[PDB]
6 protein chains.
Amino acid sequence: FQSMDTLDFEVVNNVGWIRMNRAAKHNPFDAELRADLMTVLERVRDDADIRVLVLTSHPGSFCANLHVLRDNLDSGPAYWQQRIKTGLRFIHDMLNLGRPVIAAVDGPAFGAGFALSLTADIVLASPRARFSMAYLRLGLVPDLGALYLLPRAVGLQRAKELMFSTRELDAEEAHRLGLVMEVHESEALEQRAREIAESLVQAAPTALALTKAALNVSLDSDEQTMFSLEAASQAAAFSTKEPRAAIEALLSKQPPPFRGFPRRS
Amino acid sequence: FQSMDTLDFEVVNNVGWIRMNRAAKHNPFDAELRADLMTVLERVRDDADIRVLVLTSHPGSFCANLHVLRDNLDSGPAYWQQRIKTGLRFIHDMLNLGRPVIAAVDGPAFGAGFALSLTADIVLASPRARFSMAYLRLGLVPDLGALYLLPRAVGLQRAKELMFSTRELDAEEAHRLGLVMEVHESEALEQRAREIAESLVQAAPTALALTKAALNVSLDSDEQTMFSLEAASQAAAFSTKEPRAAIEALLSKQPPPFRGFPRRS
Amino acid sequence: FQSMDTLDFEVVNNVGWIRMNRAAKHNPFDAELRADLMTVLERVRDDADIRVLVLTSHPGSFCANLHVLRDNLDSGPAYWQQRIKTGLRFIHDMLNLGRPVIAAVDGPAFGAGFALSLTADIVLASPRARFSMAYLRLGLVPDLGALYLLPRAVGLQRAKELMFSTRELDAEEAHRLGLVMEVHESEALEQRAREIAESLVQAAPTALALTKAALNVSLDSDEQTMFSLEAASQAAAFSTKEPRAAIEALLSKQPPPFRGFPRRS
Amino acid sequence: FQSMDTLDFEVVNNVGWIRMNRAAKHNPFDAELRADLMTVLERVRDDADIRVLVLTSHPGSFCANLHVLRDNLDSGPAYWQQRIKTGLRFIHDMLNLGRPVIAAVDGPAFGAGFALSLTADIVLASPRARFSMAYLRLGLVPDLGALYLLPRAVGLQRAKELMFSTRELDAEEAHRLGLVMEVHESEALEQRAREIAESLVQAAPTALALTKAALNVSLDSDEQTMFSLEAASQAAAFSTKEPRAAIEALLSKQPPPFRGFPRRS
Amino acid sequence: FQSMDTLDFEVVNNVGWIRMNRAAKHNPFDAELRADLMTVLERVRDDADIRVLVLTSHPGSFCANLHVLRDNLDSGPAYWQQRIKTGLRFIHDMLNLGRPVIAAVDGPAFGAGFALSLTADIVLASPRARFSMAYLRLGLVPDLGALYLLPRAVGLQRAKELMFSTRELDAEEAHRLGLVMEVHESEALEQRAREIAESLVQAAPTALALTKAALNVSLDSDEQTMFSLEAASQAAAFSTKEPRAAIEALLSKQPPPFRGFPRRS
Amino acid sequence: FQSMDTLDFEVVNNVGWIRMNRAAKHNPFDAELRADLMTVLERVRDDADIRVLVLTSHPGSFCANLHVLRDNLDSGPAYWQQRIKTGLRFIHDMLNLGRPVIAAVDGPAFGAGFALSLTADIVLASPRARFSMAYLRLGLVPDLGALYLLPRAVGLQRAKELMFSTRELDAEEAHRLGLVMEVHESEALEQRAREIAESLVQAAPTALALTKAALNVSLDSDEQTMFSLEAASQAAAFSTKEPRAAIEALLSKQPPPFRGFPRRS
């Protein structure tokens, strides 16, 4: 249990809970939050027993810094090319994280917050969740990998309308579009994230990491490359203890350690 | 009309009907089914008069072998890398088949069965159809090209939730997501597959094969490559008899040989 | 204000209105329309003050030439490979146009017309709009980049069913599938296109063009390439006047010049 | 035979000779040359009897406009993004030209001239030929598709050293690196280009165009996509008269119409 | 030891020797050779103890069927699209073979023979070896994956000159271009192939197969995809016995089982 | 001037000199060297005045840890998948570094050292330089991005022979293959690296960084994507001071600040 400037981090039942802790400020994606998230990721890397992550906030907020923009308006192309790279190093790290990441969204996920939610493996939301890409309001292009991530979630035409309109997607529509897996009342959201995360603790870390890594590049790739990635990944999976444990159980007419997510209740 | 160990194959009105014939066992995707399907594909290749294929089962099943997994748990990486390749040779062959393939799903399409349904050009289902990727329950990564095929059907976020949750998609949701083209009552399903397949018999084999081949790689490719594929494909299509027959008919105020699928009734 | 053989072009409030003007003939995509559209694009390129384009028709039509096909049925592969390239030069130009293009569809968008609508950034439609790829009825493969564009809008399985069935998508389903952003009554359609287009006049031309160019290739590309494109694009955006104007306004508790699209009314 | 402001164009024995005609100015790649080259390309498109092109200059020059750069130094990102696109439209057209293009280089091919030579199918050079990418001397990135074309010719490491060093490659090294097919004395260069071009007149236009189009995208693509392009292209080639003529000749123990390039003499 | 119609197959010291046995006919790549090679590949798949393959011929020939072309000149696009696919199934199988393939070339490798040599992992040649792509002499595009394979070996410009010129590459130039690893006198060629093949018997089958599979797709892919393939492949390699055996040996100041190829002598 | 455990770092005339300082141990690529190199990269990022980097060693060595391998032989797939990712984070950072990196190689560059040299923009070597990929000797696949980097430098066939043979490339051959830009006597090597690095100090940081970023992804990409990257990059370059300074100088008949590398002497 560690309380940081921009988040609280707690490991309970092999689940790393990242609770962003500046709800009134809407947890802005600034250098301070980036640094705290990097600290979390480094702790996660060094500890295989942190099996699953939940990314969330105090209720009513998620993630949604103009002074730092103002101060750097004329800093020049070389500066901005590098500053974008700093942001992208973080997104790169999220996509490469070999643990499942569940985002629980109970407030605005705008700009950086929407990009952040797009790096999660599973997104759960309440009816309070709002998603928006509003960079064009600032005369800017979408950053933090949004140009890459959004079309892979919703297709080209939908990405275009979202980024040009800068409109807010509500939870129901985000669910309709497959950005959000399930919608729950605000008062029930954390428990659902808990149930799902704790179920994934029982899943094989190797199978999890390899499945995530392959899915994350699938739409960048081609048939033979993905077929070769499948072959290497399955070979790796079969050299772990989990398939035997699962197979023996099922042949003994018993349920395997990972049975999927718990039924909604 | 040939009755095999795992399927019955019948050609009627230029349509090859593949009826998997082990409903009680849920038509497991094993070496025996693979070999029988390969036999069918080889017969299809040698006979241009088998214009369309329907892949189906005795009602109540579709396609859904743990002993062979158990026996090979510690066979090693080299073995598994090769065994995955054997499976992938088959999927490669399905995707490369120059005839339209209609899958008619009236039962569970799980794991290999879901991958199999993903290789079809058109999927028809009843309310009994269930789709699931449950490899993670075994501590394994999805195989038979699922990592490649699923995101191309539903996008990255949806593929992720399906593969991590291992949940069952019902027919209605599969239709909503575009996996399934139409949902029909079990008692009406075969006749619809018949109507659709027999309509495609009238379509140009060259246009059909080239359209399928281009679509199958579209999302792996890029603008100039696909533009070049379009140019080569259309040049090839114009060197067949079908455009003349279709054009002459339409200019004579008559319907062309292929008018689309029959209206639902 | 210029009246051409196949369209009328009018610039009003920095919006270029392209009104195809052969409604009775359904504005066929022929050499004449291509040439007139090319003239428009060349005028747009030379005039940065034409900030947004609306592509539309006299009401009841959109875009939906068999004699030229008949006359060239046996012209040969070299001929057809080149003629396809001529068509594709135009589509290439549409996708590369650095201004937002709004299509307002109040009638059939068939074949070439559907391809044309797919090159727009935003599609608005009435309940009269119908979309269809019916090339297979002619024994031909889809042209004008449809094999490339359609799967990027709707995924592989949906593209396949649309192109094999040759069915007509109504406005409601096209909206459901994300081809169409909003559906409006025919009598209200033009005003909505007007409202949206005039709002985009306030958006930064640089941010607009760079966002469009990046989105248009996102699904052809990969993580590191798109990350590098993001970095270069943002560096370019920050060297324009619009971010300062937007940021100063927002820090002064005032709305920025571009606030998104006007609320539906 | 047409004499233009920046080139002379002559068709002799089905070969289109493009002779750039401002040797003292080193045939700068300006709006005037672009427009004249576009005129040539349009004439080539409309006339299938112009089977092969030779791109060359009065001896001692090839292709190697700072005032237009100076005048536009502060024109801004939107302007430059569009002006680059104008240049790239031309390069796109060169790469898409379905006729073989032979470049005969007897002088500096610098910047735009090097890019131009990279779009040719065959490059012949004299010992006077020099190749250089010197954009970095101007504080600029390489343009006219050089970032795309050069690594496909020489690999990444070599492209990097060339573009960072801005060094001049002589004919011998360019030949060593495969940029240049053959090196001939200045006094012999045109006749070799003539011999090679006239030999290609005998080659099948369809096979030529399809081979060029496939090669031009090969390194952008993947196994299954290129295999599908091969299949469509060969199907198209077999629907022409040339294979029969070639096969009949060879079975009659006679040489085919196209036997390759004439022996060096 | 099995003597077939088009080749003799012999396994000696864990090396599968494929000796094509129709030298006078230049071992034409016909249905008969394809079928015999497929038989070999199937035997190789079923026997992990066949660790390395050598593909060769009786001396003076390698691999270089016009009647079957003549008979099918007007068979049509659908036919040819399928026949090309049959050929490509074979090439696909060669590239996917998880054993190292050494080609020993002591004669013409023309057309199909050049494509065949391009699928090998290592090519050894004598001064008698000649390589040529001469499809354009027949009015055809290069087949058997040449459009894909050649640019990956030599770059775009070189592939173009080779395919347009249809010239013969001698051993020395092929070695210069990296097609050929080593050139040996005809009388010494087989022994060198023997030495190299028997050395690879000591290499880890898993590392071999995974390295080959990754290299074969590297130029089709991108940074993050290849990084993910590396991670999965190394994880798989570390679950084999060979690293321990190699590491223990080297730490004991002893040579590992695989030390590279024997010195030339 | 900072002396670290595995390297000394010195900034002289805007050039960051990285001098690896464990020559007797051959500067092994271990956690300690990685951490020190990361420290350097972080200092480079924070200081735009460190314009160019030289990566080198005390003479006689470059970069060429079995105990850490031995200790982790059976740590499992999940562990190794993550440890490979740690290594790849570093390589990713090298490729993304917006400053030119010159490697000066005066000794063995083996395994990790060869991968490291492949991330440099320019490689200079002495006749003492040796390059080798010898992972297969350990029963392992090449790591640190070698599977990605090597084919982009030398093509597929050459990468294969290098990785399967595990042979040592001498300086002369590495230069022949374009891995090495220039070969200099050991006693002259550092001064050449100095001359080249100090010349690049005069080059535009924006043009440098954008050119590097585009080249690094060129072979992963496609025509339209690279054309769009070119457009965005040039727009960014024109918003810097360097083009004006260079253009004004050249129009004044004076040399620009960056004239290329100094002549060899």
# chains A, B, ... in the order shown; residues from 1 in each chain; ligands from 1
>>> residues_around(residues="residue 26 in chain E", least_positions_apart="4", cutoff="6 Å", atoms="only C-alpha atoms", output="PyMOL selection string")
chain E and resi 61+63-64
>>> interface_residues(of="chain B", to="chain C", cutoff="8 Å", atoms="only C-alpha atoms", output="PyMOL selection string")
chain B and resi 121-122+152-155+178-179+181+203-204+206-208+210-212+214-216+218-223+226-227+230-239+242-244+246-248+251+256-261
>>> residues_around(residues="residue 47 in chain E", least_positions_apart="4", cutoff="12 Å", atoms="only C-alpha atoms", output="VMD selection string")
(chain B and resid 78 to 79 82) or (chain E and resid 11 14 to 16 40 to 43 51 to 52 98 to 99)
>>> residues_around(residues="residue 57 in chain F", least_positions_apart="4", cutoff="6 Å", atoms="only C-alpha atoms", output="PyMOL selection string")
chain F and resi 19-20+62
>>> atom_distance(atom1="CA of residue 195 in chain A", atom2="CA of residue 252 in chain A")
26.3 Å
>>> atom_distance(atom1="CA of residue 172 in chain B", atom2="CA of residue 105 in chain B")
12.7 Å
>>> atom_distance(atom1="CA of residue 3 in chain F", atom2="CA of residue 27 in chain F")
14.8 Å
>>> select_by_dssp(residues="range 17-58 of chain C", states="helix (DSSP H, G or I)", output="ChimeraX atom specification")
/C:23-25,31-46
>>> select_by_dssp(residues="range 5-206 of chain D", states="strand (DSSP E or B)", output="ChimeraX atom specification")
/D:7-12,15-20,52-57,63,101-105,108-110,122-125,130-132,169-170,182-183
